[PDB]
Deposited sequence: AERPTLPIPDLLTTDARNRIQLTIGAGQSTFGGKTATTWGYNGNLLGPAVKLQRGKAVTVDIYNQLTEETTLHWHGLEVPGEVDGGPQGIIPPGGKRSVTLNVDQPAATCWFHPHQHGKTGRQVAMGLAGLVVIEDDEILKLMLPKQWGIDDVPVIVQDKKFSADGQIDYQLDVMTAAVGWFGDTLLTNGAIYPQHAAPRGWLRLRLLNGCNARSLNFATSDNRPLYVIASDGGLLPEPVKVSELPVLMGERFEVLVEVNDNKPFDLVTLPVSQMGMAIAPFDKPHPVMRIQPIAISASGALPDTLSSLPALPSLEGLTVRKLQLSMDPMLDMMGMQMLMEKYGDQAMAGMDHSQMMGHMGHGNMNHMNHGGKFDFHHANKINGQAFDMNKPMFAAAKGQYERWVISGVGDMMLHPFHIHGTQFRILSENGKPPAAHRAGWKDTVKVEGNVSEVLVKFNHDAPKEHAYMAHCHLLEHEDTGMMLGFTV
């Protein structure tokens, strides 16, 4: 008896047009051992906030933690003032309200803390939620859409625990170098759950919610996954894949076929990232079991999903360069600690607090690096040349187009709307546009979403 896949509640506005989110500490159970955990409207993780394009919503956010936090809407095109970056402090026992005017296409976004220097810890403790953005275009497609039955979120996260059962988080020279990772995999907060799905198409909204671990989804019997959406929404047409790499903070929506009497697992395949192939991640690892139900599912896999505009002209666009770097001392000490603890398998398939940088500077909250233009395409050039680590590079306030992903044209399923781009020892270029302002007091962030990198300086602020 695997536990069933937890299904985050779908939260819409009340008669006052408000949604209430309470941030607080509780407890969860992992492998029958109790752990202090944090959640939104609960003990762990959070609800799925459902939003409609063209409507405004007010969110009331109550911080019932004993420490400061912020609430960021990853993937949402909102002004700086409500972005919930590190300047969006919510005092312990306090409340902050933000009004979000939703004006982007349907997509699966998410929300998590952005506390300065502590984002990794606060996510590791359990805070993350989802955002389901709806529009009238997607609803015409007749996709699987029964929340919790044939349309389900799949939030995949690793943790490690101490002997006493508690989550064992640490920001130290090793994790500042290579990230915080664990030996336990969670699926919507549960260990290897099962999900019962009707016969036909099953829609999975995949989120990599790990601090530092990249994933690569596949099925145990190699039935294909049909990618229908990325971070920023629908692809123009479904893209069939047999494996689906997903970086930290990235989302993809896939359809998978379900057939009577043939259960299969969603799995994650070993990755070529430092430290991420330590047993049992050295082999395919189950994520969840899909249990077919002999009832007909109504969803369709349409031939055409949406219209994706051509890439604009690059001639004349403002270019911005973002050179990522890591202090050589950090690389050396951090990698030495890693190799010493785990040995060769840590490279299988191959003051630190301000040692990670962009354009030679560790994140300065007091000093945005530049001011971007509102409403114009820019070409941002982000480089990991000179560094061996993986950096999923994320830009707030936008959904962009990838021109080049780590020195190559992007894969078809990655050629649409994205808020993250891989940077690993090569150069990425993206075409970005900001439709909302962000002042110095509530600046947008651009950073690596390997959270321990972010927390030790690999972030910049920018205004619009």
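No C-alpha positions are given in the record for the deposited-sequence stretches 1, 352-374.
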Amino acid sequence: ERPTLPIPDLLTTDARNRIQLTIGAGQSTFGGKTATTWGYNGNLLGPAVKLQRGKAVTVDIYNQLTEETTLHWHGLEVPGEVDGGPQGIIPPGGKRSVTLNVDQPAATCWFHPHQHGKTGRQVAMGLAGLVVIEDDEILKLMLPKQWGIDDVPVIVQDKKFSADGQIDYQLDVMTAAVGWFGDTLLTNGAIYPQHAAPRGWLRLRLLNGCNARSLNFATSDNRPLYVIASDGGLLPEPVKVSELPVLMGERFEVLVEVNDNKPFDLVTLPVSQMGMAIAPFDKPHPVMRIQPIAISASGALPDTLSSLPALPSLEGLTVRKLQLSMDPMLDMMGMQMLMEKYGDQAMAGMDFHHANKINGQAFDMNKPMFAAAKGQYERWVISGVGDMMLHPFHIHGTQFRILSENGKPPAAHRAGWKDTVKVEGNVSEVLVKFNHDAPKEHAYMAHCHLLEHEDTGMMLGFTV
From here on, numbers count along this sequence of modelled residues.
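Just so we're on the same page, rigid core means the largest C-alpha set that superposes within 1.5 Å between forms.
Core-fitted comparison in 7 other deposited structures of this protein shows that, between 307-315 and 153-161, the CA atoms farther from the shown form belong to 307-315. Annotation: of the segments 289-297 and 244-252, 289-297 departs further from this form in 7 other deposited structures of this protein (C-alpha atoms, root mean square over structures and residues, core superposition).
443-451 and 21-29 differ in mean CA B-factor, and the higher of the two is recorded for 21-29. In this entry, the higher average B-factor at the C-alpha atoms falls on 368-376, of the pair 268-276 and 368-376.
As recorded in the PDB entry, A294 shows the highest C-alpha B-factor of the residues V385, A294, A124, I228. Each of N101, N359, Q194, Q157 has a CA temperature factor in the record; the biggest one is found at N359. In the PDB entry, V421 places in the lowest third of its chain by CA B-factor. Among all modelled residues in its chain, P284 ranks in the highest third by Cα B-factor. Ranked by Cα temperature factor within the chain, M332 sits in the highest third according to the deposited record. In the deposited entry, the Cα temperature factor of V464 places it in the highest third of its chain's modelled residues. In the deposited entry, the Cα temperature factor of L139 sits in the top third of values across the chain's modelled residues.
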